Every structure is written in structure tokens, then in C-alpha cells.
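To start, the structure under review is shown below, and the notes come after it.
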Amino acid sequence: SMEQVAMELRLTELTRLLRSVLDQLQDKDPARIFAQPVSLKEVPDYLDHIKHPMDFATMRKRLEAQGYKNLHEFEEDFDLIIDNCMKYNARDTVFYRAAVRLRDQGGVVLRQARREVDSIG
């Protein structure tokens with residue numbers, strides 16, 4: 001139908017916006033601490049601690065499959081990156097600290113994204 005196509009164009013445009021959001025968030029991780037999944041070869045117990053792992057490459061795969069229906073789902077994944085890190089790693093670690101800075105700096109980007117998503121519909 002014409003409606004299904006209109007819907008698909010909306011999703012494509014959401015994907016376009018979320019791609020720019022993702023690039024902006026990932027720039028706030030210059031050390032690339034959150035770029036890839038935590039390695040289960042190198043941290044063999046990880047899944048005993050963290051039940052829903054997340055990272056920026058995994059978000060990107062979902063994004064490019066148009067697997068985010070709305071900004072809320074996208075933010076859920078971003079929050080997992082931060083919250084998983086802050087649990088697994090202690091406060092006095094470069095990892096924990098990187099997550100805090102990503103959270104703080106990402107807030108600004110996500111604030112305007114929500115306005116853009118509501119505004120453009």
C-alpha cells in the first residue's frame with residue numbers, strides 16, 4: 001500500500017536521524033572503550049555479571065537493519081552500554097569514568113534528538 005510506503009519512509013528518516021545521533025554519541029568515546037562487545041575470550045565470566053551486553057557496533061548493526069522503531073528503544077541500548085559498565089567496573093577505573101563522561105556528554109545530544117523526533121514527527 002501507499003500507507004506502508006509512507007511508514008517505511010518515516011522509519012528511513014528516523015534511521016537517518018538516529019545514525020547522526022549515534023555518530024555524535026560515539027564521538028564522546030574517543031578512547032573507543034564502548035566501540036565493541038566486551039570479549040568473552042578475555043572476560044570469560046562476563047555474562048555471569050551482565051545479562052544484556054551492549055556496545056556501539058551492536059547498536060549500529062541494529063540501526064542499519066532499521067531495528068529501532070522509536071528513539072526510546074535507541075536510548076534503552078545506549079543506557080545499557082553505560083549502566084553495564086558502571087556495574088562491572090569499580091568507581092576508580094578508567095572504564096567507569098569513561099561511562100560517566102559519556103552519559104554526561106550524551107545527555108545534550110539526546111535532549112535535542114527527542115525535540116527533533118517530536119518536532120519532525
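Letters A, B, ... go to the chains of the C-alpha cells in the order shown; residues in each chain start at 1; ligands are counted from 1 in the same order.
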Q: Within 12 Å of residue 17 of chain A, counting only C-alpha atoms, which residues show up once you throw out same-chain ones fewer than 2 positions away? Write them as a ChimeraX atom specification, please.
A: /A:10-15,19-24,63-64,66,68,70-71,74,109-110,112-117,120-121
Go ahead and save the residues from that selection, with N, CA and C atoms, as a short mmCIF file (atom, residue, chain, number, x, y, z; two decimals), in the first residue's frame.
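Saved the output as part07.cif:
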```cif
data_model
loop_
_atom_site.label_atom_id
_atom_site.label_comp_id
_atom_site.auth_asym_id
_atom_site.auth_seq_id
_atom_site.Cartn_x
_atom_site.Cartn_y
_atom_site.Cartn_z
N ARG A 10 9.17 7.21 6.81
CA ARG A 10 9.29 7.68 8.23
C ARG A 10 10.41 6.91 8.94
N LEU A 11 10.38 5.59 8.85
CA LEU A 11 11.40 4.74 9.51
C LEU A 11 12.79 5.04 8.93
N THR A 12 12.87 5.24 7.62
CA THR A 12 14.11 5.51 7.00
C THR A 12 14.65 6.83 7.45
N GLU A 13 13.75 7.78 7.63
CA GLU A 13 14.20 9.08 8.06
C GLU A 13 14.61 9.02 9.57
N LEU A 14 13.90 8.23 10.33
CA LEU A 14 14.25 8.04 11.80
C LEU A 14 15.64 7.42 11.87
N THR A 15 15.89 6.44 10.97
CA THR A 15 17.16 5.76 10.91
C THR A 15 18.25 6.72 10.55
N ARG A 19 21.18 7.58 13.06
CA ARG A 19 22.56 7.41 12.64
C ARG A 19 23.42 8.59 13.00
N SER A 20 22.95 9.82 12.78
CA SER A 20 23.66 11.02 13.14
C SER A 20 23.83 11.10 14.70
N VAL A 21 22.73 10.82 15.42
CA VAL A 21 22.77 10.71 16.93
C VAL A 21 23.86 9.73 17.34
N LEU A 22 23.88 8.57 16.71
CA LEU A 22 24.87 7.54 17.13
C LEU A 22 26.27 8.03 16.89
N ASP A 23 26.50 8.76 15.77
CA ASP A 23 27.81 9.22 15.48
C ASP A 23 28.26 10.26 16.46
N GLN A 24 27.34 11.11 16.85
CA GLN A 24 27.59 12.14 17.84
C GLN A 24 27.90 11.50 19.23
N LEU A 63 20.69 -0.57 14.07
CA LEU A 63 20.29 0.62 13.36
C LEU A 63 20.18 0.37 11.83
N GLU A 64 21.18 -0.27 11.26
CA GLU A 64 21.26 -0.38 9.78
C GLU A 64 20.28 -1.40 9.24
N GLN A 66 17.37 -1.09 10.25
CA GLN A 66 16.16 -0.38 10.74
C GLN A 66 15.39 -1.04 11.90
N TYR A 68 15.46 -0.02 15.10
CA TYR A 68 14.94 0.88 16.14
C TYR A 68 13.60 1.50 15.64
N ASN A 70 11.58 3.61 17.49
CA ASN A 70 11.43 4.94 18.04
C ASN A 70 12.73 5.25 18.81
N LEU A 71 12.91 6.50 19.19
CA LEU A 71 14.08 6.95 19.96
C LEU A 71 14.17 6.24 21.31
N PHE A 74 16.28 3.09 21.09
CA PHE A 74 17.65 3.51 20.85
C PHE A 74 18.27 3.93 22.18
N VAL A 109 23.03 15.70 23.51
CA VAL A 109 22.74 15.19 22.18
C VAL A 109 21.36 14.57 22.19
N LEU A 110 21.10 13.74 23.18
CA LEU A 110 19.81 13.05 23.33
C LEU A 110 18.62 14.00 23.64
N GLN A 112 18.33 17.09 22.37
CA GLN A 112 17.89 17.70 21.15
C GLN A 112 17.27 16.66 20.18
N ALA A 113 17.79 15.44 20.20
CA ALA A 113 17.24 14.39 19.41
C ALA A 113 15.76 14.18 19.73
N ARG A 114 15.39 14.21 21.00
CA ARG A 114 14.00 13.99 21.37
C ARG A 114 13.09 15.13 20.85
N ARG A 115 13.59 16.35 20.93
CA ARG A 115 12.91 17.51 20.39
C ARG A 115 12.73 17.35 18.86
N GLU A 116 13.80 16.95 18.14
CA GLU A 116 13.78 16.74 16.68
C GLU A 116 12.81 15.64 16.27
N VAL A 117 12.82 14.56 17.02
CA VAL A 117 11.91 13.45 16.74
C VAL A 117 10.43 13.82 16.91
N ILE A 120 9.79 16.95 13.99
CA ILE A 120 9.58 16.32 12.66
C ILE A 120 8.52 15.20 12.63
N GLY A 121 8.09 14.70 13.80
CA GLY A 121 7.04 13.67 13.89
C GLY A 121 7.63 12.29 13.69
#
```
Q: Pick out the residues sitting within 10 Å of residue 99 of chain A, and hand them over as a ChimeraX atom specification; count only C-alpha atoms, and ignore anything fewer than 5 positions along from it in its own chain.
A: /A:28-29,33-34,79,81-86,89,94,104-105
Name the residues in contact with segment 46-53 of chain A at a cut-off of 10 Å, using only C-alpha atoms, excluding same-chain residues fewer than 2 positions from it; report them as a compact mmCIF listing (two decimals) with C-alpha atoms, in the first residue's frame.
```
# COMPACT_ATOMS: atom_id res chain seq x y z
CA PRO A 37 31.40 -6.03 22.65
CA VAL A 38 33.20 -6.97 25.78
CA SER A 39 35.29 -10.02 24.64
CA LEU A 40 34.10 -13.31 26.21
CA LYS A 41 37.53 -14.77 25.38
CA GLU A 42 39.15 -12.04 27.55
CA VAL A 43 36.38 -11.70 30.19
CA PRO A 44 35.06 -15.25 30.29
CA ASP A 55 28.17 -1.71 22.63
CA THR A 58 25.97 -3.91 18.08
CA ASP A 77 20.51 0.40 24.18
CA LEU A 80 22.74 -0.37 28.67
CA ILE A 81 26.25 0.48 27.50
CA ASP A 83 24.83 1.04 33.09
CA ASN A 84 26.58 -2.34 32.29
CA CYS A 85 29.95 -0.59 32.62
CA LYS A 87 28.15 -2.14 37.42
CA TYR A 88 31.01 -4.37 36.16
```
Q) Just how far from atom CA of residue 26 of chain A is atom CA of residue 60 of chain A, in Å to one decimal? A) 10.6 Å
Q: Could you please write out, as a PyMOL selection string, every residue of chain A that DSSP assigns to alpha helix (DSSP H)?
A: chain A and resi 2-27+46-49+56-64+71-88+94-120
